[PDB]
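For reference, positions follow the sequence shown, starting with 1. Values below: all heavy atoms of this structure, side chains included; hydrogens, waters and symmetry mates excluded. As the structure lists them, so they are numbered: ligands from 1, and atoms in each ligand from 1.
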Amino acid sequence: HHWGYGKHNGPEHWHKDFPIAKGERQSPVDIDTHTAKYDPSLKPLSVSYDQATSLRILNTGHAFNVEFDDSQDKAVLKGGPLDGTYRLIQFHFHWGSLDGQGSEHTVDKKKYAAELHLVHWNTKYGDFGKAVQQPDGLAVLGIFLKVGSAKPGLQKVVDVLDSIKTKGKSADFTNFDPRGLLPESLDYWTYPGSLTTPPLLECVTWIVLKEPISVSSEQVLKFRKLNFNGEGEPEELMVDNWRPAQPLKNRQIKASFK
Ligand SMILES: [Zn+2]
């Protein structure tokens, strides 16, 4: 059967269809802050989202993706541990059924309520499909969400979820500015990893921001109203769509701050 986050098709079963699940550079991982190495050679991140053009929001059956026009670099990520230009193609979240879980990466074993993933691909490879086949093909910016004060810039996303409740549903979602989802500081940890959902390709340079953003209980509650199922099928609430931490193995996590 198709992979998912249930008891019979969850993360522990993925290796049967995707052997790379037991690979050498799988994600997510636990970030041990005392073992992370401060690297003074790491450059500051350069986030240019002023010309971003959002197009649509889609319920993929595993999460909801906000898609962007990536036919030109209008929204790009550069600098940091990256060499070259990476174009933003989509962002999505992972969340839990309770505020005490939901994030994929953890910090000193601490789990956050959710995790935002801004996915970018290396322009030198021409298209997203080619990029995922390369070790330096993608750059994913990870941002933790803690429950507290509401995040104004996230509300437009929250209000449209009713229209894409079930798998396969999509809605026009134009003029959304992703800058409203970024924390004040851009200090980060970085390590070589993989996509956290099948095909689990090891083509990602992970950039995880140290500063979480705050969202209200009401905002996260609305995420939990989505469905894994398609319309007309038995209702399965979309919650706990996160993969647990994987072995770090032969990898070093570097920090841009000390
Ligand atoms: Zn993700």
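- The pair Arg56-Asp172 fails the salt-bridge criterion, with no side-chain N (NZ, NE, NH1 or NH2) lying under 4.0 Å from an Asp/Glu carboxylate O.
- A search for ring-ring contact (aromatic ring centres under 6.0 Å, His included) contacts involving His1 returns nothing, not counting sequence neighbours.
- Ion pairing of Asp83 with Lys78 is absent here, as no side-chain N (NZ or NE/NH1/NH2) approaches a carboxylate O to less than 4.0 Å.
- Inside a sphere of radius 2.8 Å centred on the Zn ion (ligand 1), the protein N/O/S atoms present are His92 NE2, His94 NE2, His117 ND1.
- Shown here are the side-chain contact (heavy atoms from CB on, under 4.5 Å) partners of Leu248, two or more places apart in sequence or in another chain: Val29, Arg251, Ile253.
- Checked against ring-ring contact (aromatic ring centres under 6.0 Å, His included), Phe64 has the following partners two or more places apart in sequence or in another chain: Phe93, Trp95, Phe223.
- At most 12 heavy atoms of other shown residues, nucleotides or ligands fall within 6.0 angstrom of atom CG in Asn175.
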